[PDB]
$ cat coords28.txt   # compact mmCIF, C-alpha atoms and all ligand atoms
# COMPACT_ATOMS: atom_id res chain seq x y z
CA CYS A 56 16.84 -82.69 45.79
CA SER A 57 16.02 -86.29 44.85
CA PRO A 58 13.08 -86.73 42.40
CA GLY A 59 11.44 -89.43 44.51
CA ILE A 60 11.26 -87.44 47.73
CA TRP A 61 7.92 -86.11 48.93
CA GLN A 62 6.79 -84.24 52.02
CA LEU A 63 3.33 -84.78 53.54
CA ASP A 64 1.45 -82.85 56.20
CA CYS A 65 -2.04 -81.77 57.25
CA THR A 66 -3.53 -78.31 57.45
CA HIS A 67 -7.08 -77.27 58.36
CA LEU A 68 -9.84 -74.97 57.17
CA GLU A 69 -13.46 -74.64 58.20
CA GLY A 70 -13.02 -77.47 60.69
CA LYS A 71 -11.97 -79.89 57.96
CA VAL A 72 -8.71 -81.76 57.42
CA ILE A 73 -6.66 -81.05 54.29
CA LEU A 74 -3.94 -83.62 53.55
CA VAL A 75 -1.08 -82.06 51.57
CA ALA A 76 1.75 -83.72 49.60
CA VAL A 77 4.64 -81.74 48.14
CA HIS A 78 7.30 -82.83 45.65
CA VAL A 79 10.23 -80.96 47.20
CA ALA A 80 12.34 -80.99 44.04
CA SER A 81 9.67 -79.28 41.89
CA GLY A 82 7.28 -77.62 44.32
CA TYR A 83 4.43 -79.54 42.70
CA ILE A 84 1.62 -80.25 45.12
CA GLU A 85 -1.35 -82.55 45.55
CA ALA A 86 -3.90 -82.09 48.29
CA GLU A 87 -7.26 -83.34 49.39
CA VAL A 88 -9.82 -82.85 52.10
CA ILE A 89 -10.13 -86.11 54.02
CA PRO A 90 -13.02 -87.16 56.31
CA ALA A 91 -10.68 -87.57 59.29
CA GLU A 92 -6.99 -87.20 60.17
CA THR A 93 -6.30 -90.92 60.50
CA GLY A 94 -3.75 -93.45 59.32
CA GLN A 95 -6.38 -95.19 57.21
CA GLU A 96 -7.20 -92.06 55.19
CA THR A 97 -3.52 -91.11 55.09
CA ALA A 98 -2.58 -94.54 53.79
CA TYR A 99 -5.26 -94.34 51.08
CA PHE A 100 -4.05 -90.91 49.93
CA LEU A 101 -0.46 -92.20 49.75
CA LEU A 102 -1.26 -95.33 47.77
CA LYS A 103 -2.96 -93.14 45.16
CA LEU A 104 -0.05 -90.74 45.10
CA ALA A 105 2.44 -93.60 44.73
CA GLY A 106 0.47 -95.22 41.92
CA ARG A 107 0.85 -91.92 40.10
CA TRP A 108 4.44 -90.78 40.62
CA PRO A 109 7.71 -92.46 41.66
CA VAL A 110 7.30 -92.06 45.42
CA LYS A 111 10.50 -93.27 47.05
CA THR A 112 10.69 -91.36 50.34
CA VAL A 113 8.06 -89.50 52.35
CA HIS A 114 9.04 -86.99 55.07
CA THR A 115 6.49 -86.13 57.78
CA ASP A 116 6.24 -85.04 61.40
CA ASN A 117 5.34 -87.49 64.16
CA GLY A 118 1.62 -87.03 63.57
CA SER A 119 -0.24 -90.09 64.84
CA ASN A 120 -1.74 -90.61 61.40
CA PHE A 121 1.74 -90.62 59.85
CA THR A 122 3.24 -92.97 62.46
CA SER A 123 0.29 -95.37 62.48
CA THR A 124 0.88 -99.02 61.59
CA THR A 125 -1.54 -98.80 58.66
CA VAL A 126 0.57 -96.15 56.93
CA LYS A 127 3.67 -98.21 57.70
CA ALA A 128 2.09 -101.15 55.86
CA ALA A 129 1.13 -98.99 52.87
CA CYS A 130 4.70 -97.68 52.62
CA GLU A 131 6.10 -101.20 52.79
CA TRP A 132 3.76 -102.50 50.10
CA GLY A 133 4.62 -99.54 47.90
CA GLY A 134 8.35 -99.72 48.60
CA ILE A 135 8.35 -96.32 50.27
CA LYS A 136 10.87 -95.22 52.91
CA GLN A 137 9.51 -93.10 55.79
CA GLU A 138 11.39 -90.29 57.52
CA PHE A 139 10.05 -88.52 60.61
CA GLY A 140 13.20 -86.53 61.31
CA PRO A 145 17.87 -75.45 52.33
CA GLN A 146 14.69 -73.93 53.82
CA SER A 147 13.31 -77.48 53.93
CA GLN A 148 10.70 -78.62 56.47
CA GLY A 149 9.58 -75.00 56.38
CA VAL A 150 8.79 -75.71 52.74
CA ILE A 151 5.80 -77.74 53.85
CA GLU A 152 4.82 -74.88 56.15
CA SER A 153 5.04 -72.37 53.30
CA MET A 154 3.13 -74.64 50.93
CA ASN A 155 0.39 -75.24 53.51
CA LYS A 156 0.09 -71.49 53.99
CA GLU A 157 0.29 -70.77 50.26
CA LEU A 158 -2.43 -73.34 49.63
CA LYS A 159 -4.73 -71.84 52.25
CA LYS A 160 -4.11 -68.50 50.55
CA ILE A 161 -5.11 -69.59 47.04
CA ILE A 162 -8.03 -71.46 48.55
CA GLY A 163 -9.07 -68.19 50.19
CA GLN A 164 -9.11 -66.36 46.86
CA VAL A 165 -11.22 -68.96 45.04
CA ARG A 166 -13.35 -70.09 47.98
CA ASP A 167 -16.47 -68.30 46.77
CA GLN A 168 -16.22 -69.79 43.25
CA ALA A 169 -17.19 -73.23 44.52
CA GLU A 170 -19.91 -74.69 46.71
CA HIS A 171 -17.85 -77.05 48.89
CA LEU A 172 -14.39 -76.59 50.41
CA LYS A 173 -13.16 -79.81 48.78
CA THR A 174 -13.83 -78.39 45.32
CA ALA A 175 -12.11 -75.15 46.27
CA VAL A 176 -9.08 -77.16 47.43
CA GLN A 177 -8.76 -78.83 44.02
CA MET A 178 -9.15 -75.51 42.18
CA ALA A 179 -6.35 -74.06 44.32
CA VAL A 180 -4.10 -77.06 43.59
CA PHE A 181 -4.84 -76.60 39.88
CA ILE A 182 -3.95 -72.91 40.08
CA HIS A 183 -0.76 -73.61 42.03
CA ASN A 184 0.61 -76.35 39.71
CA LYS A 185 -0.41 -74.55 36.52
CA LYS A 186 0.98 -71.20 37.65
CA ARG A 187 3.83 -69.84 35.53
CA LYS A 188 5.48 -67.46 38.01
CA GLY A 189 8.65 -67.16 35.95
CA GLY A 190 9.18 -65.19 32.77
CA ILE A 191 8.17 -66.71 29.43
CA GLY A 192 10.01 -69.99 28.94
CA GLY A 193 9.89 -70.76 32.64
CA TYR A 194 8.25 -73.91 33.97
CA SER A 195 5.21 -74.25 36.19
CA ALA A 196 5.33 -76.70 39.09
CA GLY A 197 3.36 -79.14 36.98
CA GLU A 198 5.86 -78.92 34.14
CA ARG A 199 8.85 -79.09 36.50
CA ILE A 200 7.88 -82.41 38.06
CA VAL A 201 7.21 -84.13 34.72
CA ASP A 202 10.48 -82.66 33.43
CA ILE A 203 12.49 -83.81 36.45
CA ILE A 204 11.08 -87.33 36.40
CA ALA A 205 11.34 -87.67 32.62
CA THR A 206 15.02 -86.74 32.64
CA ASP A 207 15.57 -89.24 35.44
CA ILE A 208 14.22 -92.09 33.28
CA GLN A 209 17.24 -91.99 30.96
CA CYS B 56 -3.71 -89.08 19.26
CA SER B 57 -2.42 -86.13 21.30
CA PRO B 58 -0.80 -85.84 24.76
CA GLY B 59 -3.91 -84.08 26.06
CA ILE B 60 -6.61 -86.63 25.22
CA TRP B 61 -8.26 -88.83 27.86
CA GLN B 62 -11.14 -91.27 27.83
CA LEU B 63 -13.30 -91.79 30.90
CA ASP B 64 -15.92 -94.34 31.83
CA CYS B 65 -17.45 -96.22 34.75
CA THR B 66 -17.22 -99.93 35.40
CA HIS B 67 -18.69 -102.00 38.20
CA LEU B 68 -17.38 -104.47 40.77
CA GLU B 69 -18.83 -105.88 44.01
CA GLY B 70 -21.87 -103.72 43.40
CA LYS B 71 -19.68 -100.60 43.51
CA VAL B 72 -18.85 -97.92 40.95
CA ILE B 73 -15.32 -97.47 39.68
CA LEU B 74 -14.57 -94.33 37.70
CA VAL B 75 -11.71 -94.94 35.28
CA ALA B 76 -9.61 -92.47 33.29
CA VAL B 77 -7.13 -93.49 30.59
CA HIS B 78 -4.51 -91.32 28.90
CA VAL B 79 -4.94 -92.70 25.36
CA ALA B 80 -1.47 -91.97 23.99
CA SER B 81 0.27 -93.73 26.89
CA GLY B 82 -2.07 -96.26 28.44
CA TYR B 83 -1.61 -94.54 31.83
CA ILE B 84 -4.65 -94.76 34.08
CA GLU B 85 -6.25 -93.39 37.24
CA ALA B 86 -9.26 -94.95 38.89
CA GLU B 87 -11.33 -94.68 42.01
CA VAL B 88 -14.39 -96.13 43.67
CA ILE B 89 -17.06 -93.45 43.98
CA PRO B 90 -20.13 -93.53 46.30
CA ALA B 91 -22.49 -92.85 43.41
CA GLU B 92 -22.23 -92.60 39.62
CA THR B 93 -23.18 -88.91 39.70
CA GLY B 94 -21.99 -85.79 37.98
CA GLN B 95 -20.71 -84.26 41.22
CA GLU B 96 -18.43 -87.21 41.94
CA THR B 97 -17.33 -87.34 38.30
CA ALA B 98 -16.58 -83.60 38.20
CA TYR B 99 -14.56 -83.80 41.41
CA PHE B 100 -12.48 -86.66 39.97
CA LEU B 101 -11.92 -84.66 36.78
CA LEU B 102 -10.86 -81.52 38.63
CA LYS B 103 -8.30 -83.53 40.57
CA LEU B 104 -7.06 -85.13 37.37
CA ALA B 105 -6.94 -81.82 35.49
CA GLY B 106 -4.79 -80.21 38.15
CA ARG B 107 -2.22 -82.99 37.86
CA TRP B 108 -1.86 -83.66 34.12
CA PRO B 109 -2.61 -81.68 30.95
CA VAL B 110 -6.25 -82.51 30.23
CA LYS B 111 -7.53 -80.84 27.05
CA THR B 112 -10.06 -83.33 25.72
CA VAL B 113 -12.19 -85.90 27.46
CA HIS B 114 -14.00 -88.61 25.50
CA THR B 115 -16.89 -90.49 27.07
CA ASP B 116 -20.12 -92.24 26.22
CA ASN B 117 -23.40 -90.47 27.07
CA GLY B 118 -23.75 -91.63 30.66
CA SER B 119 -25.85 -89.12 32.63
CA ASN B 120 -22.89 -88.35 34.88
CA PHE B 121 -20.64 -87.42 31.93
CA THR B 122 -23.24 -85.21 30.21
CA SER B 123 -24.25 -83.52 33.47
CA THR B 124 -24.16 -79.77 34.00
CA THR B 125 -21.78 -80.09 36.92
CA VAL B 126 -19.25 -81.94 34.76
CA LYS B 127 -19.78 -79.42 31.96
CA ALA B 128 -18.99 -76.58 34.40
CA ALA B 129 -15.89 -78.27 35.82
CA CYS B 130 -14.67 -78.77 32.24
CA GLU B 131 -15.47 -75.16 31.38
CA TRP B 132 -13.45 -73.93 34.34
CA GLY B 133 -10.58 -76.28 33.55
CA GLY B 134 -10.49 -75.45 29.85
CA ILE B 135 -11.39 -79.02 28.92
CA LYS B 136 -13.27 -79.85 25.72
CA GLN B 137 -15.81 -82.70 25.75
CA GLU B 138 -16.86 -85.29 23.17
CA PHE B 139 -19.61 -87.85 23.70
CA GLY B 140 -19.26 -90.84 21.42
CA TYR B 143 -14.07 -95.06 14.47
CA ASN B 144 -10.37 -94.49 15.06
CA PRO B 145 -7.76 -97.21 15.61
CA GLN B 146 -5.91 -94.82 17.92
CA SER B 147 -8.70 -94.85 20.53
CA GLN B 148 -10.99 -97.72 19.52
CA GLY B 149 -11.87 -99.66 22.66
CA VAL B 150 -8.97 -98.25 24.66
CA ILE B 151 -11.06 -97.61 27.78
CA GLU B 152 -12.78 -100.99 27.35
CA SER B 153 -9.43 -102.80 27.46
CA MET B 154 -8.35 -100.92 30.58
CA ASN B 155 -11.59 -101.76 32.37
CA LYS B 156 -10.76 -105.46 31.92
CA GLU B 157 -7.03 -105.10 32.57
CA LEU B 158 -7.81 -103.16 35.75
CA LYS B 159 -10.43 -105.69 36.84
CA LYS B 160 -8.00 -108.53 36.26
CA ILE B 161 -5.31 -106.91 38.39
CA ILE B 162 -7.90 -106.17 41.07
CA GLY B 163 -8.85 -109.84 41.15
CA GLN B 164 -5.20 -110.70 41.69
CA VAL B 165 -4.58 -108.28 44.60
CA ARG B 166 -8.04 -108.26 46.18
CA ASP B 167 -6.95 -110.16 49.31
CA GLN B 168 -3.98 -107.87 49.96
CA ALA B 169 -6.61 -105.25 50.76
CA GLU B 170 -9.54 -104.84 53.13
CA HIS B 171 -12.03 -102.74 51.13
CA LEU B 172 -12.51 -102.60 47.35
CA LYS B 173 -11.38 -98.98 47.29
CA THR B 174 -7.88 -99.93 48.44
CA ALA B 175 -7.64 -102.85 46.01
CA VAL B 176 -8.42 -100.47 43.14
CA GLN B 177 -5.55 -98.18 44.08
CA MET B 178 -3.24 -101.18 44.34
CA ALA B 179 -4.39 -102.32 40.89
CA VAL B 180 -3.74 -98.85 39.46
CA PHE B 181 -0.29 -98.80 41.01
CA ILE B 182 0.54 -102.18 39.47
CA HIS B 183 -0.83 -101.24 36.05
CA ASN B 184 1.08 -97.96 35.71
CA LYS B 185 4.39 -99.45 36.87
CA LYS B 186 4.08 -102.70 34.90
CA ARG B 187 6.53 -103.40 32.08
CA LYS B 188 5.74 -105.74 29.20
CA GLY B 189 7.20 -109.14 29.98
CA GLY B 190 8.39 -107.50 33.18
CA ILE B 191 11.71 -106.52 31.60
CA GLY B 192 12.93 -103.22 30.17
CA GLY B 193 10.90 -100.95 27.93
CA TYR B 194 8.76 -98.20 29.45
CA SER B 195 5.80 -98.63 31.76
CA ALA B 196 2.61 -96.63 31.30
CA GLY B 197 3.84 -94.29 34.04
CA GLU B 198 7.10 -93.49 32.24
CA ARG B 199 5.36 -93.12 28.86
CA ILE B 200 2.93 -90.40 29.99
CA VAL B 201 5.67 -88.28 31.62
CA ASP B 202 7.88 -88.88 28.56
CA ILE B 203 5.14 -87.83 26.13
CA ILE B 204 4.23 -84.75 28.18
CA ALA B 205 7.86 -83.75 28.75
CA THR B 206 8.70 -83.73 25.03
CA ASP B 207 5.54 -81.77 24.18
CA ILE B 208 6.71 -79.09 26.64
CA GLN B 209 9.44 -78.51 24.03
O1 LIG A 301 4.75 -74.92 60.92
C1 LIG A 301 4.21 -75.86 60.38
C2 LIG A 301 2.89 -75.69 59.76
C3 LIG A 301 2.17 -74.42 59.74
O2 LIG A 301 2.70 -73.30 60.26
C4 LIG A 301 0.79 -74.38 59.14
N1 LIG A 301 -0.01 -73.33 59.00
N2 LIG A 301 -1.22 -73.61 58.40
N3 LIG A 301 -1.16 -74.98 58.14
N4 LIG A 301 0.07 -75.37 58.61
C5 LIG A 301 4.84 -77.10 60.34
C6 LIG A 301 4.83 -78.06 59.30
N5 LIG A 301 5.58 -79.16 59.67
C7 LIG A 301 6.10 -78.98 60.95
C8 LIG A 301 6.93 -79.81 61.79
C9 LIG A 301 7.31 -79.34 63.09
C10 LIG A 301 6.85 -78.06 63.54
CL1 LIG A 301 7.33 -77.52 65.12
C11 LIG A 301 6.03 -77.22 62.72
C12 LIG A 301 5.65 -77.68 61.41
MG MG A 302 1.52 -81.69 61.02
MG MG A 303 -20.34 -96.46 30.39

$ encode --input "coords28.txt" --output "structure tokens"
Amino acid sequence: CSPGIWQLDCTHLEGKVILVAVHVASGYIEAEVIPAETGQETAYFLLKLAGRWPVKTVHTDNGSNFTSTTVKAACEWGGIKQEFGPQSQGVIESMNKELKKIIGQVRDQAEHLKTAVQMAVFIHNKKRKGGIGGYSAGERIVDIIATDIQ
Amino acid sequence: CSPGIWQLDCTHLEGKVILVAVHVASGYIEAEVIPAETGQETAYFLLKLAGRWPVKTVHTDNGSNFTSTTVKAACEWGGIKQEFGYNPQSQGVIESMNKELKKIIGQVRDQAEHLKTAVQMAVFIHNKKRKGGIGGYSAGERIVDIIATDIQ
């Protein structure tokens, strides 16, 4: 769908919180282990994401971190519209699961879970699952946004 | 020079350490306050960066964090080449961004509680900023434009 629409949600592993962001139009993802599942940490993650890509709308569940006033402020400052309401919504579920999968496969290649999370994100966005000539998630997002500039 | 070259360096504000990364060919930047100017923190930042954009070469000075083994390993895993320490197309690029970033931070400090948040606001403003505030491309649009064309 729209190039400025993102979906955010939290998953968990080893008793830690993993904040996930997905660019629905491309499948590109960004994720990070955060100290706690709060609005403060969620707001910080979003500001970084927004300063990186054209984040126009973020879809999430009614998680207290996502409905907190601090995240509301961050979205306002960044000009981001919040929404709490084709295979969508389950996309975030699939991505969360897919991420935990890749993390599982590379978990022993790194000391801390946080490092493993970043390696998994790298693998996911760099992965060329389509035949030669196809685009990875990383290439798709830059392609989608570039074409939307002109 | 190429769409895969980045320069990295640390700057300091309020007694804190800000790790800065600049995509030379576009002026696009990413920054973040880190608890300590160590290799572990630097490697983590690089891994995150590498998974988002095409990072093939990283240019830095010889700060202990940048020459560390942990950074060397992250780079090895990521397929990133390293260079420590003239060329008009790179001369003082990171230096200029450290000031530009600091200036923007000074302007939006109040809008934020901690320094960490201010930095991310500064980065947001820098990447979206247009010369004279009218038309042309911002750093954010230049990087995606440069990368997009290279893909073809
Ligand atoms: O099923 C999910 C997530 C997972 O199954 C999941 N598994 N591992 N990490 N996440 C969901 C993600 N967003 C939602 C909104 C409403 C409802 Cl009822 C469910 C979900
Ligand atoms: Mg949830
Ligand atoms: Mg230095």

$ residues_around --input "coords28.txt" --residues "residue 84 in chain A" --least-positions-apart "4" --cutoff "8 Å" --atoms "only C-alpha atoms" --output "list in words"
residues 75, 76, 77, 78, 180, 183, 184 and 196 of chain A

$ residues_near_ligand --input "coords28.txt" --ligand "ligand MG 302 (chain A)" --cutoff "7 Å" --atoms "all atoms listed in the file" --output "list in words"
residues 64, 65, 116 and 118 of chain A

$ residues_around --input "coords28.txt" --residues "residue 118 in chain B" --least-positions-apart "3" --cutoff "9 Å" --atoms "all atoms listed in the file" --output "PDB file with C-alpha atoms, in the frame of the given file"
ATOM      1  CA  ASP B  64     -15.920 -94.340  31.830  1.00  0.00           C
ATOM      2  CA  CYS B  65     -17.450 -96.220  34.750  1.00  0.00           C
ATOM      3  CA  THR B 115     -16.890 -90.490  27.070  1.00  0.00           C
ATOM      4  CA  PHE B 121     -20.640 -87.420  31.930  1.00  0.00           C
ATOM      5  CA  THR B 122     -23.240 -85.210  30.210  1.00  0.00           C
ATOM      6  CA  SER B 123     -24.250 -83.520  33.470  1.00  0.00           C
ATOM      7  CA  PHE B 139     -19.610 -87.850  23.700  1.00  0.00           C
TER       8      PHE B 139
END

$ residues_around --input "coords28.txt" --residues "residue 93 in chain A" --least-positions-apart "4" --cutoff "9 Å" --atoms "only C-alpha atoms" --output "ChimeraX atom specification"
/A:89,97-98,119-121,123

$ interface_residues --input "coords28.txt" --of "chain B" --to "chain A" --cutoff "8 Å" --atoms "all atoms listed in the file" --output "PDB file with C-alpha atoms, keeping the file's coordinate frame"
ATOM      1  CA  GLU B  85      -6.250 -93.390  37.240  1.00  0.00           C
ATOM      2  CA  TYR B  99     -14.560 -83.800  41.410  1.00  0.00           C
ATOM      3  CA  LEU B 102     -10.860 -81.520  38.630  1.00  0.00           C
ATOM      4  CA  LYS B 103      -8.300 -83.530  40.570  1.00  0.00           C
ATOM      5  CA  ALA B 105      -6.940 -81.820  35.490  1.00  0.00           C
ATOM      6  CA  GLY B 106      -4.790 -80.210  38.150  1.00  0.00           C
ATOM      7  CA  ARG B 107      -2.220 -82.990  37.860  1.00  0.00           C
ATOM      8  CA  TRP B 108      -1.860 -83.660  34.120  1.00  0.00           C
ATOM      9  CA  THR B 174      -7.880 -99.930  48.440  1.00  0.00           C
ATOM     10  CA  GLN B 177      -5.550 -98.180  44.080  1.00  0.00           C
ATOM     11  CA  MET B 178      -3.240-101.180  44.340  1.00  0.00           C
ATOM     12  CA  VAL B 180      -3.740 -98.850  39.460  1.00  0.00           C
ATOM     13  CA  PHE B 181      -0.290 -98.800  41.010  1.00  0.00           C
ATOM     14  CA  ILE B 182       0.540-102.180  39.470  1.00  0.00           C
ATOM     15  CA  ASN B 184       1.080 -97.960  35.710  1.00  0.00           C
ATOM     16  CA  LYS B 185       4.390 -99.450  36.870  1.00  0.00           C
ATOM     17  CA  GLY B 197       3.840 -94.290  34.040  1.00  0.00           C
ATOM     18  CA  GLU B 198       7.100 -93.490  32.240  1.00  0.00           C
ATOM     19  CA  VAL B 201       5.670 -88.280  31.620  1.00  0.00           C
ATOM     20  CA  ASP B 202       7.880 -88.880  28.560  1.00  0.00           C
ATOM     21  CA  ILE B 204       4.230 -84.750  28.180  1.00  0.00           C
ATOM     22  CA  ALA B 205       7.860 -83.750  28.750  1.00  0.00           C
ATOM     23  CA  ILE B 208       6.710 -79.090  26.640  1.00  0.00           C
TER      24      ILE B 208
END

$ residues_near_ligand --input "coords28.txt" --ligand "ligand LIG 301 (chain A)" --cutoff "10 Å" --atoms "only C-alpha atoms and all ligand atoms" --output "VMD selection string"
chain A and resid 62 to 68 73 75 114 to 118 139 to 140 147 to 160

$ closest_residue --input "coords28.txt" --among "B:95, B:147, B:112, B:120" --to "ligand MG 303 (chain A)" --atoms "only C-alpha atoms and all ligand atoms"
B:120

$ closest_atom_pairs --input "coords28.txt" --of "chain B" --to "ligand MG 303 (chain A)" --cutoff "12 Å" --atoms "only C-alpha atoms and all ligand atoms" --output "CSV"
residue,atom,partner,partner_atom,distance
B:62,CA,A:MG303,MG,10.9
B:63,CA,A:MG303,MG,8.5
B:64,CA,A:MG303,MG,5.1
B:65,CA,A:MG303,MG,5.2
B:66,CA,A:MG303,MG,6.8
B:67,CA,A:MG303,MG,9.7
B:72,CA,A:MG303,MG,10.8
B:73,CA,A:MG303,MG,10.6
B:74,CA,A:MG303,MG,9.6
B:75,CA,A:MG303,MG,10.0
B:76,CA,A:MG303,MG,11.8
B:92,CA,A:MG303,MG,10.2
B:114,CA,A:MG303,MG,11.2
B:115,CA,A:MG303,MG,7.7
B:116,CA,A:MG303,MG,5.9
B:117,CA,A:MG303,MG,7.5
B:118,CA,A:MG303,MG,5.9
B:119,CA,A:MG303,MG,9.4
B:120,CA,A:MG303,MG,9.6
B:121,CA,A:MG303,MG,9.2
B:122,CA,A:MG303,MG,11.6
B:139,CA,A:MG303,MG,10.9
B:140,CA,A:MG303,MG,10.6
B:149,CA,A:MG303,MG,11.9
B:151,CA,A:MG303,MG,9.7
B:152,CA,A:MG303,MG,9.3
B:155,CA,A:MG303,MG,10.4

$ atom_distance --input "coords28.txt" --atom1 "CA of residue 199 in chain B" --atom2 "CA of residue 148 in chain B"
19.4 Å

$ closest_residue --input "coords28.txt" --among "A:145, A:193, A:70, A:94" --to "residue 122 in chain A" --atoms "all atoms listed in the file"
A:94
